[PDB]
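Participant: Dropping in entry_24.cif, which is mmCIF, C-alpha atoms:
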```cif
data_structure
#
loop_
_atom_site.label_atom_id
_atom_site.label_comp_id
_atom_site.auth_asym_id
_atom_site.auth_seq_id
_atom_site.Cartn_x
_atom_site.Cartn_y
_atom_site.Cartn_z
CA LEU W 4 -9.70 -13.14 23.00
CA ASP W 5 -7.79 -11.51 25.88
CA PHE W 6 -5.15 -9.55 23.96
CA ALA W 7 -7.72 -8.04 21.60
CA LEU W 8 -10.05 -6.92 24.40
CA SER W 9 -7.20 -5.30 26.28
CA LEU W 10 -6.03 -3.53 23.11
CA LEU W 11 -9.50 -2.09 22.53
CA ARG W 12 -9.80 -0.88 26.12
CA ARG W 13 -6.38 0.71 26.39
CA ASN W 14 -5.43 1.84 22.89
CA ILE W 15 -8.27 1.96 20.37
CA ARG W 16 -10.57 4.98 20.18
CA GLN W 17 -13.56 6.09 18.14
CA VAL W 18 -12.78 9.16 16.08
CA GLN W 19 -14.40 11.58 13.64
CA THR W 20 -12.83 13.89 11.05
CA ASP W 21 -14.31 15.78 8.10
CA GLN W 22 -13.90 12.56 6.13
CA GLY W 23 -16.04 10.46 8.47
CA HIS W 24 -15.84 7.93 11.29
CA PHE W 25 -12.57 6.13 11.92
CA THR W 26 -10.94 3.72 14.33
CA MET W 27 -7.71 5.09 15.82
CA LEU W 28 -4.75 3.30 17.36
CA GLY W 29 -2.84 4.95 20.19
CA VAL W 30 0.70 3.57 20.27
CA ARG W 31 2.60 5.30 23.07
CA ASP W 32 2.57 8.63 24.89
CA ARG W 33 0.35 10.96 22.85
CA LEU W 34 1.23 9.44 19.49
CA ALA W 35 -1.57 7.93 17.41
CA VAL W 36 -2.07 6.65 13.85
CA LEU W 37 -4.86 6.88 11.27
CA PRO W 38 -5.49 5.85 7.68
CA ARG W 39 -4.13 8.66 5.51
CA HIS W 40 -7.50 9.27 3.80
CA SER W 41 -9.07 10.16 7.16
CA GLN W 42 -7.16 13.41 6.64
CA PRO W 43 -6.96 14.72 10.23
CA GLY W 44 -7.19 18.50 10.58
CA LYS W 45 -6.13 21.06 13.18
CA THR W 46 -8.52 19.21 15.49
CA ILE W 47 -10.34 15.87 15.78
CA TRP W 48 -13.31 14.48 17.69
CA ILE W 49 -12.09 11.68 19.94
CA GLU W 50 -14.90 10.00 21.89
CA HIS W 51 -17.05 13.12 21.41
CA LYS W 52 -14.22 15.32 22.71
CA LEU W 53 -12.62 18.00 20.53
CA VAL W 54 -8.88 17.38 20.77
CA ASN W 55 -6.02 19.43 19.33
CA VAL W 56 -3.71 17.76 16.83
CA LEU W 57 -0.20 19.11 17.36
CA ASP W 58 1.67 17.24 14.63
CA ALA W 59 0.63 15.29 11.53
CA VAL W 60 3.10 13.39 9.35
CA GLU W 61 2.22 11.18 6.38
CA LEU W 62 4.37 8.09 5.82
CA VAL W 63 5.82 7.24 2.43
CA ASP W 64 8.19 4.48 1.36
CA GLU W 65 11.85 4.71 0.35
CA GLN W 66 10.76 5.96 -3.08
CA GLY W 67 8.21 8.46 -1.77
CA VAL W 68 5.18 6.26 -2.43
CA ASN W 69 2.15 6.47 -0.13
CA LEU W 70 1.99 3.99 2.76
CA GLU W 71 -1.49 5.23 3.74
CA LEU W 72 -0.48 5.92 7.34
CA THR W 73 -0.70 9.24 9.15
CA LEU W 74 1.11 9.70 12.47
CA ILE W 75 -0.40 12.35 14.74
CA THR W 76 0.60 13.94 18.05
CA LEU W 77 -2.36 14.71 20.31
CA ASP W 78 -3.17 17.42 22.85
CA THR W 79 -4.26 15.10 25.50
CA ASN W 80 -4.85 14.55 29.04
CA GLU W 81 -3.24 11.19 29.46
CA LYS W 82 -0.84 8.95 27.70
CA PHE W 83 -1.61 5.83 25.65
CA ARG W 84 -0.38 2.52 27.02
CA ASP W 85 2.85 1.68 25.17
CA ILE W 86 2.38 -1.11 22.63
CA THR W 87 5.43 -0.67 20.39
CA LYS W 88 6.66 -4.04 21.62
CA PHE W 89 3.50 -5.67 20.27
CA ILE W 90 4.31 -4.29 16.83
CA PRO W 91 6.79 -6.50 14.95
CA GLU W 92 10.17 -5.24 13.76
CA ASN W 93 9.28 -6.31 10.22
CA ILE W 94 5.88 -6.20 8.51
CA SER W 95 4.57 -9.66 9.37
CA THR W 96 1.94 -12.03 7.98
CA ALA W 97 -0.57 -13.82 10.21
CA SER W 98 -2.79 -16.91 10.45
CA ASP W 99 -6.04 -16.23 12.31
CA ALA W 100 -6.13 -12.48 12.59
CA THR W 101 -8.77 -10.45 14.40
CA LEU W 102 -9.68 -7.07 12.92
CA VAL W 103 -10.55 -4.72 15.78
CA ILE W 104 -12.99 -1.97 14.82
CA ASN W 105 -14.31 0.85 17.00
CA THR W 106 -16.20 3.82 15.60
CA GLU W 107 -19.32 5.47 16.95
CA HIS W 108 -21.21 3.53 14.24
CA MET W 109 -19.32 0.24 14.54
CA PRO W 110 -18.34 0.10 18.23
CA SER W 111 -16.07 -2.41 19.96
CA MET W 112 -16.10 -5.01 17.18
CA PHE W 113 -13.89 -8.03 16.53
CA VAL W 114 -14.00 -9.20 12.91
CA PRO W 115 -12.49 -12.63 12.06
CA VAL W 116 -10.58 -11.89 8.82
CA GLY W 117 -8.64 -15.16 8.50
CA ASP W 118 -5.09 -15.40 7.14
CA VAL W 119 -3.16 -12.19 6.43
CA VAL W 120 -0.87 -12.57 3.43
CA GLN W 121 1.81 -10.29 2.00
CA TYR W 122 0.36 -8.17 -0.79
CA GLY W 123 2.47 -5.14 -1.67
CA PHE W 124 1.17 -2.72 -4.28
CA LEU W 125 -2.43 -1.55 -3.96
CA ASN W 126 -4.56 0.92 -5.87
CA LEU W 127 -6.60 2.24 -2.94
CA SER W 128 -9.41 4.30 -4.48
CA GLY W 129 -7.13 5.64 -7.20
CA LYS W 130 -4.20 6.30 -4.86
CA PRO W 131 -1.18 3.97 -5.23
CA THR W 132 -0.10 2.41 -1.92
CA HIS W 133 2.80 0.14 -0.88
CA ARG W 134 3.52 -2.26 2.00
CA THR W 135 -0.06 -3.52 2.12
CA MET W 136 -1.28 -6.93 3.23
CA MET W 137 -4.51 -8.72 2.34
CA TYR W 138 -7.16 -10.93 3.91
CA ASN W 139 -10.04 -12.84 2.32
CA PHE W 140 -13.03 -11.34 4.09
CA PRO W 141 -15.97 -9.29 2.77
CA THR W 142 -14.76 -6.11 4.46
CA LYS W 143 -17.12 -3.14 4.32
CA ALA W 144 -17.10 0.65 4.47
CA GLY W 145 -16.46 2.37 7.79
CA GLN W 146 -13.77 -0.08 8.90
CA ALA W 147 -10.72 2.00 7.95
CA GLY W 148 -8.21 2.42 10.77
CA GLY W 149 -9.28 -0.93 12.15
CA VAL W 150 -6.43 -2.73 13.89
CA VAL W 151 -5.23 -6.12 12.66
CA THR W 152 -3.89 -8.41 15.37
CA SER W 153 -2.96 -12.04 15.97
CA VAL W 154 -1.49 -13.81 19.01
CA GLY W 155 -0.32 -10.62 20.72
CA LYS W 156 1.01 -8.85 17.63
CA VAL W 157 -0.18 -5.56 16.13
CA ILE W 158 0.58 -5.98 12.45
CA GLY W 159 -1.62 -3.70 10.33
CA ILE W 160 -4.19 -0.94 9.98
CA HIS W 161 -7.25 -1.56 7.82
CA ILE W 162 -7.26 0.90 4.91
CA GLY W 163 -9.78 -0.49 2.43
CA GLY W 164 -11.51 -3.35 0.64
CA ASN W 165 -12.87 -4.45 -2.73
CA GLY W 166 -15.87 -6.47 -1.53
CA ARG W 167 -14.32 -9.94 -1.40
CA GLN W 168 -10.98 -8.84 0.06
CA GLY W 169 -9.76 -6.54 2.80
CA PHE W 170 -6.50 -4.61 2.81
CA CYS W 171 -4.35 -3.20 5.62
CA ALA W 172 -1.21 -1.10 5.76
CA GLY W 173 1.59 -3.09 7.37
CA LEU W 174 3.01 -2.04 10.72
CA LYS W 175 6.73 -1.92 11.53
CA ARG W 176 8.08 -0.93 14.93
CA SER W 177 10.37 1.64 13.29
CA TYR W 178 7.37 3.78 12.33
CA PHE W 179 6.94 4.62 16.01
CA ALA W 180 10.42 4.93 17.56
CA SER W 181 10.68 7.81 20.09
CA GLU W 182 9.68 11.18 18.60
CA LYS P 1 0.03 20.42 2.10
CA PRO P 2 1.02 17.35 4.16
CA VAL P 3 4.31 16.92 5.97
CA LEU P 4 5.88 13.70 4.65
CA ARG P 5 8.36 11.18 6.06
CA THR P 6 10.21 8.31 4.37
CA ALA P 7 9.74 5.19 6.47
#
```
Spell out the structure here as structure tokens.
Facilitator:
Amino acid sequence: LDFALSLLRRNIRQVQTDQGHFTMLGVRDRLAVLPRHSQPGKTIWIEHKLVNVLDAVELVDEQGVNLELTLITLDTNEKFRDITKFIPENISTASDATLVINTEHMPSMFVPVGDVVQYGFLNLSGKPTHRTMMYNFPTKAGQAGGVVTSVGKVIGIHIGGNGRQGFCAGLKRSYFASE
Amino acid sequence: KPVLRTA
């Protein structure tokens, strides 16, 4: 649908780190976000272009537990369209969510994941994570960083899956407030 | 080591 397509065009970029291929969401200005396990370095390949990462901060919850979200500042020639207003104030569930994926290997894809329900605790590959949500869809490898959306709202970042189920880190507006 | 932030 319209919102999704626009989001892909204006905000979602194919990326590559030493950990592999990832989908990346640009939020505003030169601020972007990745799944923590992508482990961005001093630099990253964005659309086949070697870009400098200026800042990299990993998000943890009130008790210091991993949220699986890394916020990076980019050395870039342009600014991302500002979508903070499409991100809810509170981590929000959803009904018929589209998972937007875009890596060099899985380009410009819209995956129908169904209902997104509140999960919470998640053992992601041996690393404890909080503030996760879940969808019943056979999610596969290479989809991490994928953007979960529904009716104009950007609500989560795909971080992993167990074969029958997919999991995303929830998105709150507060994660992205100015600098 | 990573720079952290409580959110």
Participant: For residue 19 (chain W), work out the shell of residues within 8 Å, counting all atoms listed in the file and skipping chain neighbours fewer than 2 positions away, then give it as a PyMOL selection string.
Facilitator: chain W and resi 17+21-25+47-49
Participant: Show me, as a ChimeraX atom specification, the residues that have an atom within 12 Å of region 112-119 of chain W when counting only C-alpha atoms, minus same-chain residues fewer than 6 positions from it.
Facilitator: /W:4-8,10-12,15-17,26,94-106,135-143,145-146,149-153,158-161,164,167-173
Participant: For C-alpha atoms, I'd like the residues from the last selection saved as a PDB file, in the frame of the given file.
Facilitator:
```pdb
ATOM      1  CA  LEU W   4      -9.700 -13.140  23.000  1.00  0.00           C
ATOM      2  CA  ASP W   5      -7.790 -11.510  25.880  1.00  0.00           C
ATOM      3  CA  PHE W   6      -5.150  -9.550  23.960  1.00  0.00           C
ATOM      4  CA  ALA W   7      -7.720  -8.040  21.600  1.00  0.00           C
ATOM      5  CA  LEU W   8     -10.050  -6.920  24.400  1.00  0.00           C
ATOM      6  CA  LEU W  10      -6.030  -3.530  23.110  1.00  0.00           C
ATOM      7  CA  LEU W  11      -9.500  -2.090  22.530  1.00  0.00           C
ATOM      8  CA  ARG W  12      -9.800  -0.880  26.120  1.00  0.00           C
ATOM      9  CA  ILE W  15      -8.270   1.960  20.370  1.00  0.00           C
ATOM     10  CA  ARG W  16     -10.570   4.980  20.180  1.00  0.00           C
ATOM     11  CA  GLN W  17     -13.560   6.090  18.140  1.00  0.00           C
ATOM     12  CA  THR W  26     -10.940   3.720  14.330  1.00  0.00           C
ATOM     13  CA  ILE W  94       5.880  -6.200   8.510  1.00  0.00           C
ATOM     14  CA  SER W  95       4.570  -9.660   9.370  1.00  0.00           C
ATOM     15  CA  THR W  96       1.940 -12.030   7.980  1.00  0.00           C
ATOM     16  CA  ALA W  97      -0.570 -13.820  10.210  1.00  0.00           C
ATOM     17  CA  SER W  98      -2.790 -16.910  10.450  1.00  0.00           C
ATOM     18  CA  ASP W  99      -6.040 -16.230  12.310  1.00  0.00           C
ATOM     19  CA  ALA W 100      -6.130 -12.480  12.590  1.00  0.00           C
ATOM     20  CA  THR W 101      -8.770 -10.450  14.400  1.00  0.00           C
ATOM     21  CA  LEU W 102      -9.680  -7.070  12.920  1.00  0.00           C
ATOM     22  CA  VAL W 103     -10.550  -4.720  15.780  1.00  0.00           C
ATOM     23  CA  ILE W 104     -12.990  -1.970  14.820  1.00  0.00           C
ATOM     24  CA  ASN W 105     -14.310   0.850  17.000  1.00  0.00           C
ATOM     25  CA  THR W 106     -16.200   3.820  15.600  1.00  0.00           C
ATOM     26  CA  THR W 135      -0.060  -3.520   2.120  1.00  0.00           C
ATOM     27  CA  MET W 136      -1.280  -6.930   3.230  1.00  0.00           C
ATOM     28  CA  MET W 137      -4.510  -8.720   2.340  1.00  0.00           C
ATOM     29  CA  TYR W 138      -7.160 -10.930   3.910  1.00  0.00           C
ATOM     30  CA  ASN W 139     -10.040 -12.840   2.320  1.00  0.00           C
ATOM     31  CA  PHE W 140     -13.030 -11.340   4.090  1.00  0.00           C
ATOM     32  CA  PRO W 141     -15.970  -9.290   2.770  1.00  0.00           C
ATOM     33  CA  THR W 142     -14.760  -6.110   4.460  1.00  0.00           C
ATOM     34  CA  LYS W 143     -17.120  -3.140   4.320  1.00  0.00           C
ATOM     35  CA  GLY W 145     -16.460   2.370   7.790  1.00  0.00           C
ATOM     36  CA  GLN W 146     -13.770  -0.080   8.900  1.00  0.00           C
ATOM     37  CA  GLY W 149      -9.280  -0.930  12.150  1.00  0.00           C
ATOM     38  CA  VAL W 150      -6.430  -2.730  13.890  1.00  0.00           C
ATOM     39  CA  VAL W 151      -5.230  -6.120  12.660  1.00  0.00           C
ATOM     40  CA  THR W 152      -3.890  -8.410  15.370  1.00  0.00           C
ATOM     41  CA  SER W 153      -2.960 -12.040  15.970  1.00  0.00           C
ATOM     42  CA  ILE W 158       0.580  -5.980  12.450  1.00  0.00           C
ATOM     43  CA  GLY W 159      -1.620  -3.700  10.330  1.00  0.00           C
ATOM     44  CA  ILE W 160      -4.190  -0.940   9.980  1.00  0.00           C
ATOM     45  CA  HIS W 161      -7.250  -1.560   7.820  1.00  0.00           C
ATOM     46  CA  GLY W 164     -11.510  -3.350   0.640  1.00  0.00           C
ATOM     47  CA  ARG W 167     -14.320  -9.940  -1.400  1.00  0.00           C
ATOM     48  CA  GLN W 168     -10.980  -8.840   0.060  1.00  0.00           C
ATOM     49  CA  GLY W 169      -9.760  -6.540   2.800  1.00  0.00           C
ATOM     50  CA  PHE W 170      -6.500  -4.610   2.810  1.00  0.00           C
ATOM     51  CA  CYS W 171      -4.350  -3.200   5.620  1.00  0.00           C
ATOM     52  CA  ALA W 172      -1.210  -1.100   5.760  1.00  0.00           C
ATOM     53  CA  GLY W 173       1.590  -3.090   7.370  1.00  0.00           C
TER      54      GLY W 173
END
```
Participant: Counting only C-alpha atoms, I want the residues whose atoms come within 8 Å of (7.9, 12.8, 4.6) in the file frame, returned as a tab-separated table (two decimals) with C-alpha atoms, in the frame of the given file.
Facilitator:
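Output contents, as saved in point.tsv:
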```tsv
chain	number	residue	atom	x	y	z
W	60	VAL	CA	3.10	13.39	9.35
W	61	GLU	CA	2.22	11.18	6.38
W	62	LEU	CA	4.37	8.09	5.82
W	63	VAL	CA	5.82	7.24	2.43
W	67	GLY	CA	8.21	8.46	-1.77
P	3	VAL	CA	4.31	16.92	5.97
P	4	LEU	CA	5.88	13.70	4.65
P	5	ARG	CA	8.36	11.18	6.06
P	6	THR	CA	10.21	8.31	4.37
```
Participant: Considering all atoms listed in the file, can you say which of W:163, W:46, W:74, W:35 comes closest to chain P?
Facilitator: W:74
Participant: Would you list which chain W residues are within 12 Å of chain P using only C-alpha atoms, as a PyMOL selection string?
Facilitator: chain W and resi 39-40+42-44+58-75+133-134+173-180
Participant: Between CA of residue 86 (chain W) and CA of residue 55 (chain W), what is the spacing in Å?
Facilitator: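 Here the two named atoms are 22.4 Å from each other.
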Participant: So how many Å separate CA of residue 162 (chain W) and CA of residue 126 (chain W), to one decimal?
Facilitator: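 Those two atoms sit 11.1 Å apart.
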Participant: Which distance in Å separates CA of residue 132 (chain W) and CA of residue 83 (chain W), to one decimal?
Facilitator: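 Going from CA of residue 132 (chain W) over to CA of residue 83 (chain W) covers 27.8 Å.
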Participant: With all atoms listed in the file as the basis for distance, which of W:18, W:28, W:37, W:120 is at the shortest distance from residue 87 (chain W)?
Facilitator: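 Of W:18, W:28, W:37, W:120, the one nearest residue 87 (chain W) is W:28, counting all atoms listed in the file.
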